[PDB]
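Chemist: just coords:
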Ligand SMILES: [Cl-]
Ligand SMILES: [Cl-]
């Protein structure tokens, strides 16, 4: 799943991608990528593969569902002329159903989620070298917890789109499940959703492994 | 030079180590370790070796020379009953000679630096499983630059103290020199001294390699 030298990699998502990145566009120099997994991906590429000249860009936005991502996709993502795009999205699409159950217009149901991911992949894939779908995740080891069960269904929908569109799927949730057998969720996040540096390192390493750097 | 499971590792130094860590003592939970190499060391230990149960602690203090470290050693470092101690120090000892050349009581010359390091190792080694000396560094590839030449001399004084006491020496400066052949210093720091995340990852990986994790 190699990243060609001299390429621009645009990483898209919600707050976990955002991590305080610069506006309108987060770039590597200084701290413009924020302080989470996107900044860690860039740091590993520059420290281990500086000659690859990979330009990493962050356009994550806190609170986004896949509907928000789709609305801004051409202007915020494709206008940057990416060679590679990654997308992690879905935790908010599910979370709103639990933290705002009566505020139904904030919810994105699974059919809208799957259809919107399919459209984004279908329009993006012909214009990039590769697109990477990164699973949303929820740091709850009990897969019968209702929200965890719903997140797993959305992850499956993403996996199915990745398979049907033939783009790579990075199962970040599976990496957390392995780690949660050793560490309890409070070590990784204050709220099962937004990880500390440790969980951002899990995401970055999963992505870097998917692109053959680790 | 492995770290035995269930051990407390206290990391000491100047702002490079500090990185906004919590007072009076920086601990892992949340962001108490700051947002630099000490936090990255802890993150890798917990993600890759959670069963090791390594408690990482940060007592770095911005602006410290080795004289400042020695003054607070017993109360800030040894009182924590460390199993392992790391120390990176020296860049300020040198830098003050250049940024405040006439303010001589802020300078620490090489004989004082060497003798103070000797004393810190001598007093610590019998009380810990292992101590690690981490080179200070200066992100200037021209070895003839006067400050870079002086930093190199202090690094070699530290290396010689480590060899005399038979404690591990981690040559962080050498890892930066290799990377500086590929990336210019402005990619790594705004001032040749305080690195961005990329440089903190260089330091963390050098430490982790020295303890057998990478
Ligand atoms: Cl495992
Ligand atoms: Cl090399």
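Modeler: Received, thanks. Numbering: from 1, shown residues only, chains lettered A, B, ... in the order given. Ligands and ions are numbered 1, 2, ... in the order given.
Chemist: and chain A, which residues reach chain B?
Modeler: When proximity is defined by Cβ under 8 Å from any Cβ of the partner chain, chain A lies next to chain B at A:29-31, A:35, A:39-40, A:42-44, A:46-47, A:50-51, A:179, A:182-183, A:187, A:190, A:196-198, A:200-202, A:205. Just so you know, the C-beta spots here come from the backbone N, C-alpha and C atoms, and that holds for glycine as well.
Chemist: dump the residue contacts of residue A:40.
Modeler: A:200-201, A:203-204, B:197, B:201 (Cβ atoms under 8 Å, 6 or more residues apart in numbering or on different chains).
Chemist: any idea what the residue most central in space within chain A is bridged to?
Modeler: Chain A has residue A:88 as the residue nearest its centroid, 2.0 Å off, counting by Cα atoms, centre = their mean. In this entry, residue A:88 is beta-bridged to residue A:13, residue A:134, by DSSP bridges.
Chemist: how close does it get to residue A:207?
Modeler: 9 Å (Cβ to Cβ, to the nearest Å).
Chemist: quick check: neighbours shared by those two?
Modeler: residue A:134.
Chemist: counting neighbours, what do you get for residue A:9?
Modeler: Applying other Cβ atoms under 10 Å in any protein chain shown, we find 25 residues neighbouring residue A:9.
Chemist: how about residue A:71?
Modeler: Residue A:71: 13 surrounding residues under other Cβ under 10 Å.
Chemist: tell me which element it falls in.
Modeler: helix A:66-72 (DSSP states H and E).
Chemist: and that helix, which residues are buried?
Modeler: Within helix A:66-72, the residues that count as buried by 16 or more other Cβ atoms under 10 Å in any protein chain shown are A:66-70.
Chemist: ok, stretch A:6-13 next?
Modeler: By 16+ other Cβ under 10 Å, the buried positions in stretch A:6-13 come out as A:7-13.
Chemist: repeat that for stretch A:111-124.
Modeler: A:113-114, A:116-118, A:120-121, A:124.
Chemist: again with stretch A:153-163
Modeler: Residues A:154-155, A:157-158, A:161-162 are the ones in stretch A:153-163 that count as buried (16+ other Cβ under 10 Å).
Chemist: cool, and stretch A:27-35?
Modeler: Neighbour counts over stretch A:27-35 (16+ other Cβ under 10 Å) mark A:28, A:31-35 as buried.
Chemist: quick revisit: what about the residue nearest to the centre of chain A, distance to residue B:55?
Modeler: From residue A:88 across to residue B:55, the span is 31 Å (Cβ to Cβ).
Chemist: repeat for residue A:203
Modeler: Distance, residue A:203 to residue B:55, using Cβ to Cβ: 24 Å.
Chemist: neighbour count: those two, which is higher?
Modeler: Under the criterion of other Cβ under 10 Å, the comparison of residue A:203 against residue B:55 puts residue A:203 first, with 26 against 17.
Chemist: now the more buried one: closest residue in space that isn't a chain neighbour?
Modeler: Nearest residue to residue A:203, sequence neighbours excluded (Cβ to Cβ, 6 or more residues apart in numbering or on different chains): residue A:37, at 3.8 Å.
Chemist: for that neighbour, grab phi and psi.
Modeler: For residue A:37, the backbone dihedrals (degrees, to the nearest 10) come out as phi -60, psi -30.
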